[PDB]
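One chain follows as structure tokens, the form deposited in one PDB entry.
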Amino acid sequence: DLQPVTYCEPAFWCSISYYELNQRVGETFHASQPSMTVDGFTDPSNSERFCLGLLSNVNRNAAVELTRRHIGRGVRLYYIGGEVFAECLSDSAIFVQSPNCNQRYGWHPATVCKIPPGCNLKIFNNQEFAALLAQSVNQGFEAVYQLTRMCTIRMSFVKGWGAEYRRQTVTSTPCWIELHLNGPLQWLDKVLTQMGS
């Protein structure tokens, strides 16, 4: 009747996609390690560092490149105990749109917060996630399929977006990225499966 579904830490805990406005740029970077960064350095990326200095965009305009200069150290990302932090190493603030964050904190849905330099933020609380997942399960499929939205987090360097904002959508921001928490997604799949037997 009630079969237990456990969260299982993936090999690559998340994948990152870079964007300049509405144009996706570069290839999809996959996170394998516990602590890495997404910067704008002109060095060849690796398992531990997703550099953007080397990404070309034939349609890149002055605004994009100018901003691309300020990513710098970028953001350090950490995965631990299914918890995910984002530390703004950059000298320019970063902005995050995490459904999980907006869930707690009771913020309006879709909000984007600012993670200024020297600061970090737990963009994903796997526990809080399990709690919802738990609760959700008991509301059927749709309820659960809804949490998939939480496994996707978007972040933009230097410039932010959102309501109260000049730039209303992520797509209007100079330099941003989208991550996908595989841990949660896998776990969300497994769950639906067990519900879909």
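One rule holds for the numbers: they count along the sequence shown, beginning at 1. Just so we're on the same page, rigid core means the largest C-alpha set that superposes within 1.5 Å between forms.
- Notably, residue 107 is an intermittent gap: at least a third of the other compared entries of this protein, restricted to those modelling both its neighbours, have no coordinates for it.
- Compared with other deposited structures of the same protein, residue 164 meets the criterion of being unmodelled in at least one third of those that resolve residues on both sides.
- Averaged over their C-alpha atoms, the temperature factors of 34-42 and 65-73 are higher for 34-42.
- Of the two segments examined, 83-91 and 114-122, it is 83-91 that shows the higher average Cα temperature factor in the deposited entry.
- Taking only the listed residues 131, 52, 144, 170, the entry reports the highest CA temperature factor at 144.
- Based on the entry's C-alpha B-factors, the most elevated value among 154, 60, 149, 159 belongs to 149.
- Placement of the Cα temperature factor of residue 11 within the chain: highest third of the modelled residues, per the deposited record.
- Per the PDB record, residue ranking by Cα B-factor puts residue 23 in the middle third of the chain.
- Among the modelled residues of the chain, residue 175 sits in the lowest third by CA temperature factor in this PDB entry.
- Remark: residue 97 belongs to the lowest third of its chain, ranked by C-alpha B-factor as recorded.
Note that the form deposited in another entry isn't included here; everything after this is about it.
- Shift analysis on the rigid core between this form and the one not shown singles out 139 from 168, 59, 28, 139 (C-alpha displacement of 2 Å or more).
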